[PDB]
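Containing compact mmCIF, C-alpha atoms: entry_34.txt.
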```txt
# COMPACT_ATOMS: atom_id res chain seq x y z
CA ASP A 423 -54.37 -47.58 -9.72
CA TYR A 424 -53.80 -51.11 -8.57
CA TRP A 425 -50.56 -50.89 -10.60
CA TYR A 426 -47.61 -49.54 -8.63
CA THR A 427 -45.53 -46.78 -10.13
CA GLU A 428 -41.80 -46.29 -9.59
CA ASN A 429 -42.66 -43.67 -7.00
CA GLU A 430 -44.30 -46.11 -4.60
CA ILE A 431 -41.78 -48.85 -5.21
CA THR A 432 -38.94 -46.43 -4.40
CA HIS A 433 -40.66 -45.11 -1.24
CA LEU A 434 -41.66 -48.54 0.00
CA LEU A 435 -38.08 -49.75 -0.48
CA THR A 436 -36.48 -46.71 1.12
CA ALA A 437 -38.87 -46.93 4.09
CA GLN A 438 -38.05 -50.58 4.73
CA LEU A 439 -34.30 -50.45 4.09
CA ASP A 440 -31.50 -48.99 6.26
CA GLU A 441 -29.86 -46.44 3.93
CA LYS A 442 -26.50 -46.85 5.67
CA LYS A 443 -26.36 -50.49 4.60
CA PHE A 444 -28.57 -50.61 1.51
CA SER A 445 -28.87 -48.32 -1.50
CA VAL A 446 -32.08 -48.09 -3.44
CA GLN A 447 -31.42 -47.26 -7.09
CA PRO A 448 -33.72 -45.54 -9.56
CA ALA A 449 -35.50 -47.96 -11.90
CA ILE A 450 -33.86 -49.55 -14.86
CA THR A 451 -36.49 -49.42 -17.61
CA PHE A 452 -36.75 -51.28 -20.88
CA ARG A 453 -39.04 -50.65 -23.78
CA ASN A 454 -41.07 -53.73 -24.73
CA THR A 455 -41.25 -52.82 -28.42
CA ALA A 456 -38.23 -53.11 -30.66
CA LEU A 457 -37.17 -50.23 -32.89
CA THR A 458 -36.89 -51.33 -36.54
CA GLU A 459 -35.78 -49.71 -39.80
CA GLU A 460 -39.30 -50.32 -41.12
CA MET A 461 -40.94 -48.53 -38.19
CA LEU A 462 -38.73 -45.48 -38.79
CA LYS A 463 -39.99 -45.18 -42.38
CA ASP A 464 -43.01 -43.52 -40.76
CA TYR A 465 -40.57 -40.63 -40.30
CA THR A 466 -38.19 -40.99 -43.28
CA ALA A 467 -40.34 -42.13 -46.22
CA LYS A 468 -41.01 -39.46 -48.79
CA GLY A 469 -42.89 -39.29 -52.09
CA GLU A 470 -44.38 -42.57 -53.23
CA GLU A 471 -42.95 -44.70 -50.41
CA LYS A 472 -44.62 -42.26 -48.02
CA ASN A 473 -47.91 -42.37 -49.96
CA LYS A 474 -47.97 -46.14 -49.76
CA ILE A 475 -47.55 -46.10 -46.01
CA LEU A 476 -50.24 -43.45 -45.47
CA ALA A 477 -52.49 -45.64 -47.59
CA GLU A 478 -51.92 -48.73 -45.46
CA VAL A 479 -52.41 -46.72 -42.26
CA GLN A 480 -55.76 -45.44 -43.47
CA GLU A 481 -56.81 -49.01 -44.25
CA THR A 482 -55.71 -50.22 -40.84
CA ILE A 483 -57.85 -47.55 -39.23
CA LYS A 484 -60.74 -48.94 -41.22
CA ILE A 485 -60.08 -52.48 -39.95
CA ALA A 486 -58.81 -51.70 -36.44
CA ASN A 487 -62.23 -50.19 -35.96
CA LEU A 488 -63.61 -53.75 -36.27
CA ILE A 489 -61.46 -55.53 -33.64
CA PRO A 490 -63.97 -57.18 -31.29
CA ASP A 491 -62.09 -56.75 -27.98
CA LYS A 492 -62.87 -53.16 -26.93
CA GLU A 493 -59.58 -52.50 -25.13
CA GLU A 494 -57.44 -54.00 -27.86
CA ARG A 495 -59.43 -52.08 -30.47
CA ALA A 496 -58.89 -48.72 -28.76
CA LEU A 497 -55.16 -49.33 -28.47
CA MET A 498 -54.61 -50.41 -32.07
CA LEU A 499 -56.94 -47.72 -33.43
CA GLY A 500 -55.42 -44.96 -31.33
CA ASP A 501 -51.98 -45.91 -32.58
CA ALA A 502 -53.11 -46.02 -36.23
CA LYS A 503 -54.63 -42.57 -35.90
CA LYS A 504 -51.43 -41.30 -34.32
CA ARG A 505 -49.47 -42.75 -37.23
CA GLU A 506 -51.78 -41.04 -39.67
CA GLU A 507 -51.02 -37.72 -37.93
CA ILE A 508 -47.30 -38.33 -38.14
CA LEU A 509 -47.43 -39.11 -41.84
CA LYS A 510 -49.30 -35.85 -42.40
CA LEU A 511 -46.47 -33.73 -40.93
CA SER A 512 -43.75 -31.98 -42.93
CA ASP A 513 -40.67 -34.04 -43.81
CA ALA A 514 -38.64 -31.75 -41.57
CA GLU A 515 -40.88 -32.32 -38.56
CA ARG A 516 -41.02 -36.05 -39.15
CA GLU A 517 -37.22 -35.97 -39.12
CA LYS A 518 -37.11 -34.14 -35.73
CA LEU A 519 -39.63 -36.58 -34.32
CA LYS A 520 -37.40 -39.48 -35.40
CA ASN A 521 -34.36 -37.83 -33.82
CA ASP A 522 -36.27 -37.26 -30.57
CA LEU A 523 -37.19 -40.94 -30.57
CA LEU A 524 -33.60 -41.98 -31.18
CA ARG A 525 -32.28 -39.52 -28.56
CA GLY A 526 -34.60 -40.87 -25.87
CA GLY A 527 -33.69 -44.47 -26.62
CA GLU A 528 -30.00 -43.64 -26.44
CA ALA A 529 -30.48 -41.77 -23.15
CA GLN A 530 -32.46 -44.67 -21.70
CA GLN A 531 -29.75 -47.24 -22.48
CA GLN A 532 -26.97 -45.01 -21.12
CA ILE A 533 -28.99 -44.25 -17.95
CA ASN A 534 -29.69 -47.98 -17.52
CA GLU A 535 -25.96 -48.67 -17.67
CA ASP A 536 -25.25 -45.82 -15.22
CA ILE A 537 -27.67 -47.29 -12.68
CA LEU A 538 -26.03 -50.69 -12.88
CA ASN A 539 -22.62 -49.05 -12.51
CA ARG A 540 -23.70 -46.82 -9.61
CA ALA A 541 -25.15 -49.88 -7.87
CA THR A 542 -21.83 -51.62 -8.38
CA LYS A 543 -19.93 -48.62 -7.05
CA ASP A 544 -22.15 -48.60 -3.95
CA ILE A 545 -21.43 -52.20 -2.94
CA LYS A 546 -17.82 -52.26 -4.08
CA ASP A 547 -16.54 -48.84 -2.93
CA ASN A 548 -19.10 -47.20 -0.62
CA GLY A 549 -19.56 -49.90 2.03
CA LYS A 550 -23.16 -50.89 1.17
CA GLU A 551 -24.07 -54.54 1.57
CA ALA A 552 -26.75 -54.46 -1.16
CA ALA A 553 -28.01 -52.28 -3.97
CA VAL A 554 -31.63 -52.77 -4.93
CA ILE A 555 -32.68 -51.95 -8.50
CA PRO A 556 -36.35 -52.00 -9.54
CA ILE A 557 -36.54 -53.20 -13.14
CA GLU A 558 -39.43 -52.44 -15.46
CA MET A 559 -39.47 -55.05 -18.24
CA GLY A 560 -42.34 -53.23 -19.88
CA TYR A 561 -45.20 -50.99 -18.80
CA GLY A 562 -45.95 -51.90 -15.18
CA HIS A 563 -44.07 -55.18 -15.53
CA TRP A 564 -42.09 -54.58 -12.36
CA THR A 565 -39.29 -56.92 -11.31
CA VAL A 566 -36.23 -56.59 -9.07
CA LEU A 567 -32.47 -56.96 -9.32
CA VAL A 568 -30.32 -56.93 -6.18
CA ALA A 569 -26.56 -56.43 -6.37
CA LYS A 570 -24.12 -57.73 -3.78
CA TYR A 571 -20.37 -57.98 -3.53
CA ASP A 572 -18.11 -60.69 -2.18
CA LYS A 573 -14.86 -58.85 -1.39
CA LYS A 574 -12.95 -62.01 -0.48
CA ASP A 575 -13.42 -63.24 -4.05
CA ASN A 576 -13.82 -59.82 -5.67
CA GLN A 577 -17.11 -61.12 -7.01
CA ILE A 578 -20.28 -59.28 -8.03
CA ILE A 579 -23.47 -61.26 -7.46
CA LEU A 580 -26.82 -60.18 -8.96
CA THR A 581 -30.09 -61.70 -7.75
CA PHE A 582 -33.29 -61.37 -9.79
CA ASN A 583 -36.94 -62.25 -9.50
CA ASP A 584 -40.08 -61.80 -11.60
CA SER A 585 -43.27 -62.39 -9.60
CA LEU A 586 -45.18 -63.29 -12.80
CA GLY A 587 -42.92 -66.34 -13.16
CA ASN A 588 -40.83 -65.27 -16.18
CA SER A 589 -37.09 -65.92 -16.16
CA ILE A 590 -34.58 -63.05 -16.24
CA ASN A 591 -34.38 -63.76 -20.03
CA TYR A 592 -37.82 -62.32 -20.57
CA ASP A 593 -38.28 -60.48 -23.88
CA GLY A 594 -35.10 -61.39 -25.79
CA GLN A 595 -32.57 -61.39 -22.95
CA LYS A 596 -32.64 -57.62 -22.80
CA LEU A 597 -31.57 -57.53 -19.12
CA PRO A 598 -28.73 -60.09 -19.35
CA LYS A 599 -27.58 -58.18 -22.45
CA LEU A 600 -27.49 -55.03 -20.33
CA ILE A 601 -25.63 -56.72 -17.49
CA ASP A 602 -22.99 -58.06 -19.85
CA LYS A 603 -22.68 -54.75 -21.72
CA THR A 604 -22.14 -52.96 -18.42
CA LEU A 605 -20.23 -55.42 -16.26
CA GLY A 606 -18.94 -58.14 -18.59
CA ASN A 607 -15.50 -56.54 -18.48
CA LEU A 608 -14.97 -56.92 -14.74
CA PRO A 609 -12.06 -59.10 -13.60
CA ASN A 610 -14.71 -61.62 -12.59
CA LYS A 611 -17.89 -61.99 -14.61
CA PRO A 612 -20.98 -61.07 -12.58
CA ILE A 613 -22.72 -64.13 -11.19
CA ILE A 614 -26.44 -64.15 -11.89
CA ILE A 615 -28.91 -65.87 -9.60
CA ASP A 616 -32.43 -66.10 -11.02
CA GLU A 617 -34.87 -66.98 -8.24
CA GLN A 618 -37.43 -67.72 -10.95
CA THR A 619 -40.20 -67.87 -8.41
CA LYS A 620 -43.67 -67.47 -9.82
CA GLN A 621 -45.60 -65.60 -7.16
CA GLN A 622 -48.73 -64.16 -8.74
CA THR A 623 -49.83 -63.95 -12.36
CA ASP A 624 -51.69 -60.66 -12.02
CA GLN A 625 -49.59 -57.90 -13.53
CA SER A 626 -51.21 -55.66 -10.92
CA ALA A 627 -49.22 -57.54 -8.28
CA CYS A 628 -45.76 -56.98 -9.86
CA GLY A 629 -45.03 -53.88 -7.81
CA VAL A 630 -46.27 -55.46 -4.60
CA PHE A 631 -43.82 -58.38 -4.90
CA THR A 632 -41.01 -56.33 -6.42
CA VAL A 633 -40.94 -54.45 -3.14
CA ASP A 634 -41.16 -57.51 -0.93
CA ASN A 635 -38.61 -59.52 -2.96
CA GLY A 636 -36.14 -56.63 -3.13
CA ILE A 637 -36.29 -56.09 0.61
CA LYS A 638 -35.95 -59.79 1.36
CA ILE A 639 -33.17 -60.47 -1.12
CA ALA A 640 -31.31 -57.36 0.08
CA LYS A 641 -31.41 -58.80 3.63
CA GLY A 642 -30.32 -62.29 2.53
CA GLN A 643 -33.74 -63.79 3.37
CA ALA A 644 -35.76 -66.21 1.26
CA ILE A 645 -38.46 -64.56 -0.83
CA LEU A 646 -42.08 -65.74 -0.64
CA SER A 647 -42.33 -69.12 -2.33
CA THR A 648 -44.90 -69.98 -4.97
CA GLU A 649 -46.80 -71.80 -2.21
CA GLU A 650 -46.87 -68.89 0.28
CA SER A 651 -47.72 -66.46 -2.50
CA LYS A 652 -51.05 -68.09 -3.30
CA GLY A 653 -54.34 -66.72 -1.99
CA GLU A 654 -54.66 -63.21 -0.59
CA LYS A 655 -50.95 -62.73 0.24
CA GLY A 656 -50.71 -60.13 -2.55
CA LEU A 657 -53.63 -58.32 -0.91
CA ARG A 658 -52.15 -58.46 2.60
CA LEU A 659 -48.82 -57.19 1.29
CA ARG A 660 -50.64 -54.37 -0.50
CA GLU A 661 -52.59 -53.44 2.65
CA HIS A 662 -49.36 -53.55 4.60
CA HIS A 663 -47.66 -51.38 1.96
CA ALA A 664 -50.48 -48.84 2.18
CA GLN A 665 -49.93 -48.58 5.99
CA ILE A 666 -46.19 -48.01 5.52
CA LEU A 667 -47.08 -45.41 2.91
CA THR A 668 -49.82 -43.95 5.13
CA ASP A 669 -47.21 -43.71 7.87
CA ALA A 670 -45.76 -40.86 5.72
CA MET A 671 -47.27 -40.45 2.23
CA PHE A 672 -51.07 -40.64 2.12
CA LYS A 673 -51.66 -40.09 -1.63
CA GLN A 674 -49.68 -43.22 -2.53
CA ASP A 675 -51.66 -45.34 -0.09
CA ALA A 676 -54.86 -44.15 -1.84
CA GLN A 677 -53.29 -45.01 -5.22
CA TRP A 678 -52.43 -48.58 -4.14
CA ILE A 679 -56.02 -48.86 -2.78
CA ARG A 680 -57.91 -48.12 -6.08
CA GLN A 681 -59.53 -51.03 -7.97
CA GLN A 682 -58.64 -50.69 -11.67
```

What would the structure in this file look like if it were written as structure tokens?
Amino acid sequence: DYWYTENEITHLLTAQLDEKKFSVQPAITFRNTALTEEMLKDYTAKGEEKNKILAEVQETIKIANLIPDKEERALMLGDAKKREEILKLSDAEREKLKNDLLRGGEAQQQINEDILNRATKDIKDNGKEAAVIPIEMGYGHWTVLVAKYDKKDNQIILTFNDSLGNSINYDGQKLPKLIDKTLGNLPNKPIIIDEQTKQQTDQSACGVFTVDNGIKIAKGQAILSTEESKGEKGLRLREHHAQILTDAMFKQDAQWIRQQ
């Protein structure tokens, strides 16, 4: 509603960036939950180990019901109930479910690398002066990474910002780990510039500033400082974004307009 989806971010960026000079990449997305061997026992535990887990799930349901915050309660309870359903499946189906989960996670990390590499190919081989990559650090936690290339020094430079005021190391250095996995073998290590500019602490505003930061960084212009970001700037940007959207795609203007 208030929260931007990748669809708007991509359109807003494309609409405000010369495609001959700038390439807008599809989003790099990270899960915010870690996969653990213990979590997977929901799929692999059999016999008594399985019975013990089903037992704890059923107890959780009984307690999760009591969580005082209504929104938090619904989330924890819904997930416990889902877990109960999973534990009730056949061993064979729990196994397929686990494999689906692992397949998706593997796809996600390979696709994330491919986007970083494509962005790098764009600025290094295809004449683009910037590649803009929207980065989702978690559900709706939109941030931006802009890739540029100094040919004279054969040097890749990546510029990041998180409008909420987190560093690029947010959530266990997942993004720097990706960058180094993908590009840490280049003749010259990628230089990382973290703008670390807190702009607005509403998670609703992440997509608004992701767009504005990406555009500005792409063009070599200073992003909106903490000072300029105060007040109704997030609103004005959002209104402005709805106009740009309206000047083509009406349904996404209406989305950005909703309250939440």

Shortest contact to residue 439 in chain A, candidates A:640, A:555, A:664, A:679, atoms counted all atoms listed in the file, goes to A:640

For residue 476 in chain A, the closest of A:447, A:489, A:511, A:591 counting all atoms listed in the file is A:511

What does the structure give for the distance between CA of residue 636 in chain A and CA of residue 618 in chain A, in Å to one decimal?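 So the two atoms, CA of residue 636 in chain A and CA of residue 618 in chain A, lie 13.6 Å apart.
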
Enter the distance from CA of residue 595 in chain A to CA of residue 625 in chain A, in Å, rounded to one decimal.
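The value is 19.8 Å.
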
As JSON, numbers by chain, please: the residues near residue 457 in chain A (cut-off 10 Å, all atoms listed in the file, same-chain neighbours under 5 positions excluded). {"A": [462, 523, 524, 527]}

Atom pair CA of residue 427 in chain A + CA of residue 649 in chain A, distance 26.3 Å

Any chance you could work out the axis-aligned box around range 468-483 of chain A, listed atoms only, 3 Å on each side, giving centre and edge lengths in Å to one decimal, as lines of an AutoDock Vina configuration file?
```
center_x = -49.4
center_y = -44.8
center_z = -46.2
size_x = 22.8
size_y = 16.9
size_z = 20.0
```

Note to self: Could you list, as a count of residues only, every residue within 10 Å of residue 641 in chain A, counting only C-alpha atoms and ignoring same-chain residues fewer than 6 positions away?
What the structure shows: 6
